[PDB]
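Structure data (mmCIF, C-alpha atoms) from my_file_19.cif:
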data_my_file
#
loop_
_atom_site.label_atom_id
_atom_site.label_comp_id
_atom_site.auth_asym_id
_atom_site.auth_seq_id
_atom_site.Cartn_x
_atom_site.Cartn_y
_atom_site.Cartn_z
CA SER A 24 12.18 -6.07 52.20
CA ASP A 25 10.96 -8.89 49.93
CA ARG A 26 13.73 -11.11 48.54
CA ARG A 27 11.33 -12.91 46.15
CA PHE A 28 11.61 -10.69 43.07
CA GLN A 29 15.39 -10.54 43.48
CA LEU A 30 15.30 -14.35 43.23
CA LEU A 31 13.18 -14.39 40.04
CA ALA A 32 15.72 -12.05 38.43
CA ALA A 33 18.48 -14.54 39.22
CA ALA A 34 16.44 -17.41 37.74
CA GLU A 35 15.78 -15.57 34.46
CA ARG A 36 19.53 -15.13 33.86
CA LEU A 37 20.69 -18.59 34.95
CA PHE A 38 17.96 -20.29 32.88
CA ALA A 39 19.02 -18.08 29.95
CA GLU A 40 22.76 -18.90 30.14
CA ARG A 41 22.73 -22.62 30.99
CA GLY A 42 19.64 -24.78 30.43
CA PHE A 43 16.68 -25.14 32.79
CA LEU A 44 17.74 -28.71 33.62
CA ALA A 45 21.39 -27.65 33.92
CA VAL A 46 20.57 -25.00 36.54
CA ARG A 47 20.20 -26.30 40.10
CA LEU A 48 18.01 -24.34 42.56
CA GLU A 49 20.86 -24.39 45.09
CA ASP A 50 23.04 -22.00 43.06
CA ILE A 51 20.07 -19.81 42.02
CA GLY A 52 19.87 -18.25 45.49
CA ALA A 53 23.67 -18.32 45.77
CA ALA A 54 24.19 -16.33 42.56
CA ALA A 55 21.09 -14.27 43.47
CA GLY A 56 22.33 -12.66 46.69
CA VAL A 57 19.98 -14.14 49.26
CA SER A 58 19.98 -16.17 52.51
CA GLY A 59 20.33 -19.96 52.80
CA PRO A 60 17.14 -22.02 53.37
CA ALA A 61 14.68 -19.06 53.54
CA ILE A 62 14.69 -19.44 49.73
CA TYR A 63 12.82 -22.74 50.12
CA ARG A 64 9.83 -20.77 51.44
CA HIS A 65 8.39 -19.30 48.21
CA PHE A 66 10.12 -21.05 45.35
CA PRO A 67 10.29 -24.73 46.12
CA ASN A 68 11.40 -25.92 43.72
CA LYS A 69 12.85 -24.69 40.41
CA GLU A 70 9.85 -25.46 38.20
CA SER A 71 7.90 -22.94 40.31
CA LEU A 72 10.14 -20.09 39.11
CA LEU A 73 9.90 -21.02 35.42
CA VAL A 74 6.09 -20.95 35.63
CA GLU A 75 5.72 -17.51 37.29
CA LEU A 76 8.44 -16.23 34.95
CA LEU A 77 6.94 -17.45 31.65
CA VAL A 78 3.22 -17.40 32.51
CA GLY A 79 3.61 -13.97 34.10
CA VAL A 80 5.47 -12.21 31.28
CA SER A 81 3.32 -13.88 28.60
CA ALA A 82 0.09 -12.65 30.23
CA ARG A 83 1.57 -9.14 30.38
CA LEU A 84 2.75 -8.92 26.75
CA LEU A 85 -0.76 -9.96 25.66
CA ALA A 86 -2.33 -7.28 27.85
CA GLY A 87 0.35 -4.72 26.92
CA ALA A 88 -0.17 -5.39 23.20
CA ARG A 89 -3.98 -5.24 23.48
CA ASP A 90 -3.50 -1.89 25.21
CA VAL A 91 -1.43 -0.41 22.35
CA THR A 92 -4.34 -1.31 20.04
CA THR A 93 -6.97 0.30 22.29
CA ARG A 94 -5.01 3.50 22.98
CA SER A 95 -3.94 4.06 19.34
CA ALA A 96 -5.58 6.97 17.50
CA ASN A 97 -5.76 5.09 14.21
CA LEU A 98 -4.53 1.71 12.94
CA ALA A 99 -1.36 3.10 11.30
CA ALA A 100 0.05 4.17 14.68
CA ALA A 101 -1.29 0.97 16.31
CA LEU A 102 1.10 -1.03 14.10
CA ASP A 103 4.02 1.26 15.02
CA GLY A 104 2.99 0.97 18.67
CA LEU A 105 3.23 -2.82 18.42
CA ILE A 106 6.54 -2.78 16.52
CA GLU A 107 8.08 -0.54 19.19
CA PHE A 108 6.39 -2.39 22.06
CA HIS A 109 7.70 -5.75 20.84
CA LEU A 110 11.14 -4.29 20.08
CA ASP A 111 11.21 -3.23 23.75
CA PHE A 112 10.47 -6.81 24.80
CA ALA A 113 12.76 -8.19 22.08
CA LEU A 114 15.86 -6.11 22.90
CA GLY A 115 15.18 -5.55 26.60
CA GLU A 116 13.96 -8.98 27.72
CA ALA A 117 16.26 -11.01 25.46
CA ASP A 118 16.57 -13.61 28.25
CA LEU A 119 12.88 -14.61 28.17
CA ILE A 120 12.97 -15.15 24.39
CA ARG A 121 15.73 -17.75 24.81
CA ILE A 122 13.77 -19.40 27.64
CA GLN A 123 10.71 -19.48 25.36
CA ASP A 124 12.80 -21.10 22.62
CA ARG A 125 14.31 -23.85 24.82
CA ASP A 126 12.64 -24.53 28.16
CA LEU A 127 8.94 -24.10 27.30
CA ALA A 128 8.50 -27.89 27.38
CA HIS A 129 9.87 -28.18 30.95
CA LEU A 130 6.87 -26.20 32.10
CA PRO A 131 3.98 -28.02 33.81
CA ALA A 132 1.35 -29.10 31.24
CA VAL A 133 -1.25 -26.77 32.80
CA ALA A 134 1.07 -23.74 32.58
CA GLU A 135 2.41 -24.70 29.15
CA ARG A 136 -1.11 -24.73 27.70
CA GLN A 137 -1.57 -21.32 29.36
CA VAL A 138 1.62 -19.75 27.95
CA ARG A 139 0.82 -21.04 24.45
CA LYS A 140 -2.71 -19.60 24.70
CA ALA A 141 -1.24 -16.15 25.40
CA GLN A 142 1.29 -16.34 22.55
CA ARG A 143 -1.49 -17.33 20.15
CA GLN A 144 -3.70 -14.42 21.27
CA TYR A 145 -0.75 -12.00 21.05
CA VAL A 146 -0.16 -13.04 17.43
CA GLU A 147 -3.90 -12.56 16.84
CA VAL A 148 -3.65 -9.02 18.22
CA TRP A 149 -1.16 -8.23 15.44
CA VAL A 150 -3.10 -10.16 12.82
CA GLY A 151 -6.18 -8.11 13.77
CA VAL A 152 -4.35 -4.80 13.22
CA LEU A 153 -2.34 -6.03 10.24
CA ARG A 154 -5.47 -7.35 8.50
CA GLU A 155 -7.70 -4.29 9.12
CA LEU A 156 -5.04 -2.01 7.60
CA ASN A 157 -5.03 -4.18 4.47
CA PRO A 158 -8.36 -6.07 4.13
CA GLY A 159 -7.00 -7.67 0.94
CA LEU A 160 -4.86 -9.89 3.19
CA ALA A 161 -6.28 -13.27 4.21
CA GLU A 162 -6.06 -14.72 7.71
CA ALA A 163 -3.14 -17.00 6.88
CA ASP A 164 -1.51 -14.04 5.10
CA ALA A 165 -1.60 -11.88 8.25
CA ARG A 166 -0.42 -14.85 10.32
CA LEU A 167 2.53 -15.48 7.99
CA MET A 168 3.57 -11.81 8.15
CA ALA A 169 2.96 -11.75 11.91
CA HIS A 170 5.20 -14.76 12.62
CA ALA A 171 7.68 -13.57 10.01
CA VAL A 172 8.21 -10.25 11.79
CA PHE A 173 8.40 -11.87 15.25
CA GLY A 174 10.91 -14.34 13.86
CA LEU A 175 13.01 -11.40 12.68
CA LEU A 176 12.62 -9.38 15.91
CA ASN A 177 13.19 -12.31 18.28
CA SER A 178 16.44 -13.26 16.49
CA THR A 179 18.32 -10.93 18.88
CA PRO A 180 19.66 -13.71 21.18
CA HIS A 181 22.01 -14.71 18.32
CA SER A 182 23.48 -11.18 18.39
CA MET A 183 22.66 -9.39 21.69
CA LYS A 184 24.56 -11.78 23.97
CA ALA A 185 25.79 -11.22 27.55
CA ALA A 186 29.29 -10.25 26.34
CA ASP A 187 27.81 -7.25 24.51
CA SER A 188 24.89 -5.28 25.98
CA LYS A 189 26.43 -1.87 25.24
CA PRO A 190 23.67 0.78 24.98
CA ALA A 191 25.30 2.17 21.80
CA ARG A 192 24.89 -1.26 20.17
CA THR A 193 21.35 -1.73 21.52
CA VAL A 194 19.94 1.49 20.04
CA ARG A 195 21.60 0.70 16.68
CA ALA A 196 20.20 -2.83 16.92
CA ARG A 197 16.78 -1.26 17.55
CA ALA A 198 17.21 1.28 14.75
CA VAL A 199 17.91 -1.47 12.19
CA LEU A 200 15.41 -4.16 13.23
CA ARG A 201 12.63 -1.56 13.25
CA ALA A 202 13.72 -0.45 9.75
CA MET A 203 13.82 -4.10 8.65
CA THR A 204 10.40 -5.04 10.00
CA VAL A 205 8.55 -1.95 8.72
CA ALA A 206 10.01 -2.51 5.23
CA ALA A 207 9.25 -6.24 5.49
CA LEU A 208 5.55 -5.69 6.19
CA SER A 209 5.40 -3.13 3.37
CA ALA A 210 6.97 -5.54 0.87
CA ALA A 211 4.43 -8.17 1.92
CA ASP A 212 1.42 -5.89 1.36
CA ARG A 213 2.69 -5.02 -2.14
CA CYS A 214 3.49 -8.64 -3.06
CA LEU A 215 -0.10 -9.83 -2.48
CA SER B 24 16.37 -52.53 -1.81
CA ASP B 25 17.82 -50.72 1.24
CA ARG B 26 15.11 -49.53 3.65
CA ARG B 27 17.46 -47.32 5.72
CA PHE B 28 16.52 -44.06 4.00
CA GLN B 29 12.85 -45.02 4.22
CA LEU B 30 13.51 -45.39 7.96
CA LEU B 31 15.28 -42.00 8.05
CA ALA B 32 12.31 -40.34 6.35
CA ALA B 33 9.90 -41.84 8.90
CA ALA B 34 12.09 -40.54 11.74
CA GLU B 35 12.08 -36.91 10.54
CA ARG B 36 8.26 -36.77 10.50
CA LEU B 37 7.85 -38.52 13.87
CA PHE B 38 10.53 -36.39 15.56
CA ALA B 39 8.85 -33.26 14.16
CA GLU B 40 5.26 -33.93 15.28
CA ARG B 41 5.84 -35.65 18.63
CA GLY B 42 8.96 -34.73 20.63
CA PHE B 43 12.22 -36.70 20.42
CA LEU B 44 11.78 -38.05 23.97
CA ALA B 45 8.14 -38.95 23.26
CA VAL B 46 9.07 -40.95 20.14
CA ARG B 47 9.87 -44.62 20.81
CA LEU B 48 12.10 -46.41 18.26
CA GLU B 49 9.54 -49.24 18.16
CA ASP B 50 6.90 -47.10 16.39
CA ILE B 51 9.41 -45.38 14.05
CA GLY B 52 9.74 -48.55 11.96
CA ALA B 53 6.05 -49.35 12.47
CA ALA B 54 4.77 -46.10 10.95
CA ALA B 55 7.72 -46.13 8.52
CA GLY B 56 6.81 -49.27 6.57
CA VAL B 57 9.52 -51.81 7.31
CA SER B 58 10.19 -55.25 8.87
CA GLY B 59 10.38 -55.97 12.62
CA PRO B 60 13.85 -56.48 14.20
CA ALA B 61 15.85 -56.07 10.94
CA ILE B 62 15.59 -52.33 11.69
CA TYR B 63 17.76 -52.86 14.79
CA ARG B 64 20.77 -53.43 12.50
CA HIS B 65 21.50 -49.94 11.13
CA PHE B 66 19.81 -47.50 13.52
CA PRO B 67 20.09 -48.80 17.10
CA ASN B 68 18.85 -46.84 18.84
CA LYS B 69 16.96 -43.59 18.22
CA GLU B 70 19.76 -41.14 19.03
CA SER B 71 21.61 -42.59 16.00
CA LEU B 72 18.92 -41.37 13.57
CA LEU B 73 18.83 -37.84 15.04
CA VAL B 74 22.60 -37.48 14.52
CA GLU B 75 22.64 -38.67 10.87
CA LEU B 76 19.54 -36.57 10.24
CA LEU B 77 20.89 -33.30 11.66
CA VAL B 78 24.64 -33.70 11.02
CA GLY B 79 24.00 -34.75 7.41
CA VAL B 80 21.61 -31.93 6.47
CA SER B 81 23.54 -29.23 8.37
CA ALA B 82 26.83 -30.14 6.68
CA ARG B 83 24.98 -30.09 3.33
CA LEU B 84 23.37 -26.66 3.77
CA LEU B 85 26.82 -25.22 4.52
CA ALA B 86 28.19 -26.78 1.33
CA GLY B 87 25.14 -25.79 -0.72
CA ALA B 88 25.31 -22.21 0.55
CA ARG B 89 29.06 -22.00 -0.09
CA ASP B 90 28.40 -23.35 -3.60
CA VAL B 91 25.91 -20.56 -4.36
CA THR B 92 28.67 -18.10 -3.43
CA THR B 93 31.26 -19.69 -5.74
CA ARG B 94 29.13 -20.35 -8.83
CA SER B 95 27.21 -17.03 -8.75
CA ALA B 96 28.09 -14.49 -11.46
CA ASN B 97 28.41 -11.59 -9.00
CA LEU B 98 27.72 -10.70 -5.34
CA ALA B 99 24.25 -9.21 -5.92
CA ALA B 100 23.26 -12.51 -7.55
CA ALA B 101 24.99 -14.51 -4.78
CA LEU B 102 22.55 -12.96 -2.28
CA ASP B 103 19.49 -13.90 -4.34
CA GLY B 104 20.99 -17.37 -4.71
CA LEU B 105 21.31 -17.69 -0.93
CA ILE B 106 17.84 -16.27 -0.19
CA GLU B 107 16.35 -18.74 -2.68
CA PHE B 108 18.55 -21.61 -1.44
CA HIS B 109 17.46 -21.02 2.17
CA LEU B 110 13.84 -20.59 1.14
CA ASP B 111 14.16 -24.06 -0.45
CA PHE B 112 15.26 -25.48 2.90
CA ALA B 113 13.02 -23.30 5.08
CA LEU B 114 9.75 -24.09 3.29
CA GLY B 115 10.54 -27.56 1.93
CA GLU B 116 12.45 -29.18 4.81
CA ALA B 117 10.14 -27.61 7.40
CA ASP B 118 10.33 -30.64 9.73
CA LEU B 119 14.09 -30.31 10.29
CA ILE B 120 13.79 -26.67 11.38
CA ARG B 121 11.38 -27.72 14.16
CA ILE B 122 13.86 -30.46 15.15
CA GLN B 123 16.75 -27.96 15.09
CA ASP B 124 14.59 -25.72 17.32
CA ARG B 125 13.90 -28.33 20.03
CA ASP B 126 15.96 -31.52 20.03
CA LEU B 127 19.46 -30.16 19.27
CA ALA B 128 20.23 -30.66 22.98
CA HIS B 129 19.33 -34.38 22.86
CA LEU B 130 22.15 -34.96 20.39
CA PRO B 131 25.46 -36.41 21.65
CA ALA B 132 28.03 -33.78 22.69
CA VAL B 133 30.35 -34.59 19.77
CA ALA B 134 27.53 -34.35 17.20
CA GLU B 135 25.93 -31.26 18.79
CA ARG B 136 29.28 -29.45 18.59
CA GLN B 137 29.48 -30.40 14.91
CA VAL B 138 25.91 -29.30 14.10
CA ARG B 139 26.45 -25.88 15.72
CA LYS B 140 29.80 -25.55 13.91
CA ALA B 141 27.93 -25.90 10.60
CA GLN B 142 25.19 -23.41 11.55
CA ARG B 143 27.87 -20.91 12.56
CA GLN B 144 29.73 -21.36 9.25
CA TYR B 145 26.46 -21.20 7.28
CA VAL B 146 25.75 -17.79 8.82
CA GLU B 147 29.32 -16.72 8.02
CA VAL B 148 28.74 -17.55 4.35
CA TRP B 149 25.90 -15.00 4.39
CA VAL B 150 27.87 -12.56 6.49
CA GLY B 151 30.72 -12.73 3.97
CA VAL B 152 28.39 -12.00 1.04
CA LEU B 153 26.29 -9.47 2.96
CA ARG B 154 29.43 -7.59 4.09
CA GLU B 155 31.10 -7.39 0.66
CA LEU B 156 27.86 -6.02 -0.86
CA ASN B 157 27.95 -3.14 1.63
CA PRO B 158 31.47 -2.51 3.04
CA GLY B 159 29.97 0.44 4.96
CA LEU B 160 28.55 -2.09 7.43
CA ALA B 161 30.68 -3.52 10.23
CA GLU B 162 30.79 -7.21 11.25
CA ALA B 163 28.12 -6.94 13.97
CA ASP B 164 25.77 -5.24 11.49
CA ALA B 165 26.01 -8.00 8.89
CA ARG B 166 25.56 -10.59 11.65
CA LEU B 167 22.40 -8.90 12.95
CA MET B 168 21.22 -8.68 9.33
CA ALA B 169 21.95 -12.35 8.71
CA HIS B 170 20.24 -13.56 11.90
CA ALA B 171 17.37 -11.15 11.30
CA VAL B 172 16.76 -12.69 7.87
CA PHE B 173 17.05 -16.29 9.14
CA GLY B 174 14.59 -15.58 11.95
CA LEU B 175 12.15 -14.29 9.35
CA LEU B 176 12.67 -17.26 6.98
CA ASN B 177 12.68 -19.98 9.65
CA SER B 178 9.33 -18.76 11.06
CA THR B 179 7.56 -21.10 8.58
CA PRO B 180 6.71 -23.99 11.00
CA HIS B 181 4.32 -21.64 12.85
CA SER B 182 2.19 -21.55 9.70
CA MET B 183 2.94 -24.43 7.30
CA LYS B 184 1.79 -27.27 9.54
CA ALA B 185 0.95 -30.91 8.70
CA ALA B 186 -2.77 -30.05 8.40
CA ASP B 187 -2.23 -28.50 4.95
CA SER B 188 0.68 -28.93 2.50
CA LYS B 189 -1.42 -27.59 -0.40
CA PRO B 190 1.18 -26.39 -2.97
CA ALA B 191 -0.75 -23.19 -3.78
CA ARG B 192 -0.14 -21.94 -0.22
CA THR B 193 3.62 -22.66 -0.35
CA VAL B 194 4.31 -20.66 -3.54
CA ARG B 195 2.42 -17.80 -1.86
CA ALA B 196 4.45 -18.32 1.32
CA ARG B 197 7.62 -18.38 -0.80
CA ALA B 198 6.59 -15.22 -2.69
CA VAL B 199 5.77 -13.23 0.47
CA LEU B 200 8.76 -14.47 2.48
CA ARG B 201 11.24 -13.72 -0.33
CA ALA B 202 9.65 -10.31 -0.87
CA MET B 203 9.87 -9.61 2.87
CA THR B 204 13.50 -10.71 3.25
CA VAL B 205 14.74 -8.80 0.16
CA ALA B 206 12.91 -5.63 1.22
CA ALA B 207 14.24 -6.07 4.77
CA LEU B 208 17.91 -6.47 3.73
CA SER B 209 17.78 -3.18 1.76
CA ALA B 210 16.04 -1.31 4.59
CA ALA B 211 19.03 -2.47 6.65
CA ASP B 212 21.55 -1.14 4.09
CA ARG B 213 19.69 2.22 4.04
CA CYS B 214 19.00 2.76 7.75
CA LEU B 215 22.62 2.30 8.85
#

Take the structure I supplied and represent it as structure tokens, if you would.
Amino acid sequence: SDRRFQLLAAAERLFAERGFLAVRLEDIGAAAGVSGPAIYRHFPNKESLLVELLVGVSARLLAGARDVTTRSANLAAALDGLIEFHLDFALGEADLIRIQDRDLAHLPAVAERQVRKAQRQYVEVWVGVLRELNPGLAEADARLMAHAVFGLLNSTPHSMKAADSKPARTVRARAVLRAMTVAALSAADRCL
Amino acid sequence: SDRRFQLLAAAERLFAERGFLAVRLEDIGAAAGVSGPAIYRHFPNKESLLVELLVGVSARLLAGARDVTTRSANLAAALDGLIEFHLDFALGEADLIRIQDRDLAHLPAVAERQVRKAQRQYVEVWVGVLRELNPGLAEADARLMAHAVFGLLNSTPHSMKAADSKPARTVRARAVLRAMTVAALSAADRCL
């Protein structure tokens, strides 16, 4: 029916492999599996994809994270809920992490401000939960731990590349990273 | 005597705060503290600084990391040596990490290839040490562990920004980060 979402999918990958500037809109629809010039109806032109792609997913992850917090019985499980929830994003949507890391600056200034706002709030969602579990942590302490863990979790692009993606490797990748992050937050709490 | 290094120093800060593209060579020497056109003798023009800056430091960190391996009494101590050696770079040379994050693409093809070559080998130095400490782990495990740890350590620029640099905060950053990375690497050895 609607060839739009099929086209976004193609953009995500092509922006992930070769750079945003490297990728030309012409071969987005070609590699996508879509018609000729009917593409130039909803995604003229290139920058328009990047914005929906980044701004969209970023707004979700903030909502999705703030949901985990609301739905959690207590704080202990809220932290686990986040760890898992981010791990899902981290291992599943490994393309968007690379796009975050490179092509965030080739986003229109209005949308860039917007995406950064969401990231900041998403870190603050963690900080909130991380800091209420251990009130002896300062703001900057929670932040440090929060970015630390994300740094660790979002390091997957340097390991979970296209020539890989085997589900046996993914679940083992998940198993470890989880184990790493939980033990990293615990070491932090004890240190301070 | 020779105001080249003073010019290098200026560059690092200016490339870190404002983007590479945004930085004009004119105001590198201005904010640096140097003469007018005598600058245009050893660093014409802009791109030249970025290459010496990145290629120099990258090639050093490889050497420095490979030194830690050699001189260390045993393997367990070689890991602590590396963790501490990277912490030195991660927290101290915070500017470069932000430049490695963004403006690696605006390096000439020959230099970019060389900078990535060093990063790759620097990871392999860890891999080598991390894999001999636990031969139960396969290659792809020790890679994921290495990149995991670097993601955690190189998350500093999201906290230790220019509006700060109070040494009390850095020793705390160093203490937490080390504690987190050491606890994380063991969790990895256990889980798998």

What does the PyMOL selection byres ((chain B) within 10 of (chain A)) select in this file, as a PDB file with C-alpha atoms, keeping the file's coordinate frame?
ATOM      1  CA  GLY B  42       8.960 -34.730  20.630  1.00  0.00           C
ATOM      2  CA  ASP B 124      14.590 -25.720  17.320  1.00  0.00           C
ATOM      3  CA  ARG B 125      13.900 -28.330  20.030  1.00  0.00           C
ATOM      4  CA  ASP B 126      15.960 -31.520  20.030  1.00  0.00           C
ATOM      5  CA  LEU B 127      19.460 -30.160  19.270  1.00  0.00           C
ATOM      6  CA  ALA B 128      20.230 -30.660  22.980  1.00  0.00           C
ATOM      7  CA  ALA B 163      28.120  -6.940  13.970  1.00  0.00           C
ATOM      8  CA  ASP B 164      25.770  -5.240  11.490  1.00  0.00           C
ATOM      9  CA  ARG B 166      25.560 -10.590  11.650  1.00  0.00           C
ATOM     10  CA  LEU B 167      22.400  -8.900  12.950  1.00  0.00           C
ATOM     11  CA  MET B 168      21.220  -8.680   9.330  1.00  0.00           C
ATOM     12  CA  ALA B 169      21.950 -12.350   8.710  1.00  0.00           C
ATOM     13  CA  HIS B 170      20.240 -13.560  11.900  1.00  0.00           C
ATOM     14  CA  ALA B 171      17.370 -11.150  11.300  1.00  0.00           C
ATOM     15  CA  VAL B 172      16.760 -12.690   7.870  1.00  0.00           C
ATOM     16  CA  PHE B 173      17.050 -16.290   9.140  1.00  0.00           C
ATOM     17  CA  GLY B 174      14.590 -15.580  11.950  1.00  0.00           C
ATOM     18  CA  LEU B 175      12.150 -14.290   9.350  1.00  0.00           C
ATOM     19  CA  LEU B 176      12.670 -17.260   6.980  1.00  0.00           C
ATOM     20  CA  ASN B 177      12.680 -19.980   9.650  1.00  0.00           C
ATOM     21  CA  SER B 178       9.330 -18.760  11.060  1.00  0.00           C
ATOM     22  CA  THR B 179       7.560 -21.100   8.580  1.00  0.00           C
ATOM     23  CA  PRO B 180       6.710 -23.990  11.000  1.00  0.00           C
ATOM     24  CA  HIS B 181       4.320 -21.640  12.850  1.00  0.00           C
ATOM     25  CA  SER B 182       2.190 -21.550   9.700  1.00  0.00           C
ATOM     26  CA  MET B 183       2.940 -24.430   7.300  1.00  0.00           C
ATOM     27  CA  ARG B 192      -0.140 -21.940  -0.220  1.00  0.00           C
ATOM     28  CA  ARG B 195       2.420 -17.800  -1.860  1.00  0.00           C
ATOM     29  CA  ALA B 196       4.450 -18.320   1.320  1.00  0.00           C
ATOM     30  CA  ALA B 198       6.590 -15.220  -2.690  1.00  0.00           C
ATOM     31  CA  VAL B 199       5.770 -13.230   0.470  1.00  0.00           C
ATOM     32  CA  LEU B 200       8.760 -14.470   2.480  1.00  0.00           C
ATOM     33  CA  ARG B 201      11.240 -13.720  -0.330  1.00  0.00           C
ATOM     34  CA  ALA B 202       9.650 -10.310  -0.870  1.00  0.00           C
ATOM     35  CA  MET B 203       9.870  -9.610   2.870  1.00  0.00           C
ATOM     36  CA  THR B 204      13.500 -10.710   3.250  1.00  0.00           C
ATOM     37  CA  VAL B 205      14.740  -8.800   0.160  1.00  0.00           C
ATOM     38  CA  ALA B 206      12.910  -5.630   1.220  1.00  0.00           C
ATOM     39  CA  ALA B 207      14.240  -6.070   4.770  1.00  0.00           C
ATOM     40  CA  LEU B 208      17.910  -6.470   3.730  1.00  0.00           C
ATOM     41  CA  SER B 209      17.780  -3.180   1.760  1.00  0.00           C
ATOM     42  CA  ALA B 210      16.040  -1.310   4.590  1.00  0.00           C
ATOM     43  CA  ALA B 211      19.030  -2.470   6.650  1.00  0.00           C
ATOM     44  CA  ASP B 212      21.550  -1.140   4.090  1.00  0.00           C
ATOM     45  CA  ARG B 213      19.690   2.220   4.040  1.00  0.00           C
ATOM     46  CA  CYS B 214      19.000   2.760   7.750  1.00  0.00           C
ATOM     47  CA  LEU B 215      22.620   2.300   8.850  1.00  0.00           C
TER      48      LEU B 215
END

For each of A:74, A:86, A:105, A:186, take the minimum atom-to-atom distance to residue 149 (chain A), counting all atoms listed in the file, then give the residue where this is smallest.
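Smallest distance to residue 149 (chain A) is found for A:105.
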
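Interatomic distance, CA of residue 34 (chain B) to CA of residue 108 (chain B): 24.0 Å.
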
Distance query residue 71 (chain A) at most 12 Å, only C-alpha atoms, self and fewer than 3 positions along chain excluded, as JSON, numbers by chain:
{"A": [30, 31, 34, 43, 48, 63, 64, 65, 66, 67, 68, 74, 75, 76, 77, 78, 79, 129, 130, 131, 134]}

Pick out the residues sitting within 12 Å of residue 62 (chain B), and hand them over as a PyMOL selection string; count all atoms listed in the file, and ignore anything fewer than 4 positions along from it in its own chain.
chain B and resi 25-31+48-53+55-58+66-69+72

Could you list, as a PDB file with C-alpha atoms, keeping the file's coordinate frame, every residue matched by the PyMOL selection byres ((chain A and resi 96-103) around 8) in this structure?
ATOM      1  CA  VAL A  91      -1.430  -0.410  22.350  1.00  0.00           C
ATOM      2  CA  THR A  92      -4.340  -1.310  20.040  1.00  0.00           C
ATOM      3  CA  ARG A  94      -5.010   3.500  22.980  1.00  0.00           C
ATOM      4  CA  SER A  95      -3.940   4.060  19.340  1.00  0.00           C
ATOM      5  CA  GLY A 104       2.990   0.970  18.670  1.00  0.00           C
ATOM      6  CA  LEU A 105       3.230  -2.820  18.420  1.00  0.00           C
ATOM      7  CA  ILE A 106       6.540  -2.780  16.520  1.00  0.00           C
ATOM      8  CA  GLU A 107       8.080  -0.540  19.190  1.00  0.00           C
ATOM      9  CA  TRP A 149      -1.160  -8.230  15.440  1.00  0.00           C
ATOM     10  CA  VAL A 152      -4.350  -4.800  13.220  1.00  0.00           C
ATOM     11  CA  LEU A 153      -2.340  -6.030  10.240  1.00  0.00           C
ATOM     12  CA  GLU A 155      -7.700  -4.290   9.120  1.00  0.00           C
ATOM     13  CA  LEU A 156      -5.040  -2.010   7.600  1.00  0.00           C
TER      14      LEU A 156
END

Atom pair CA of residue 70 (chain A) + CA of residue 39 (chain B), distance 25.3 Å

For the atom pair CA of residue 197 (chain A) and CA of residue 112 (chain A), what is the interatomic distance in Å to one decimal place?
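CA of residue 112 (chain A) lies at a distance of 11.1 Å from CA of residue 197 (chain A).
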
Residues near residue 116 (chain A), cut-off 10 Å, all atoms listed in the file, skip fewer than 4 positions along chain, as a PyMOL selection string:
chain A and resi 35+80+109-112+120-121+180

Let me make sure I understand: among A:194, A:123, A:54, A:117, which one has the smallest atom-to-atom distance to residue 139 (chain A) if we use all atoms listed in the file?
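Among the listed residues, A:123 lies closest to residue 139 (chain A).
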
Please determine, counting all atoms listed in the file, which residue among A:89, A:41, A:47, A:36 has the shortest atom-to-atom distance to residue 147 (chain A).
A:89

Please list as a list in words every residue within 8 Å of residue 141 (chain A), counting only C-alpha atoms and excluding residues in the same chain fewer than 6 positions away.
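Neighbouring residues, sequence-local ones excluded: residues 81, 82 and 85 of chain A.
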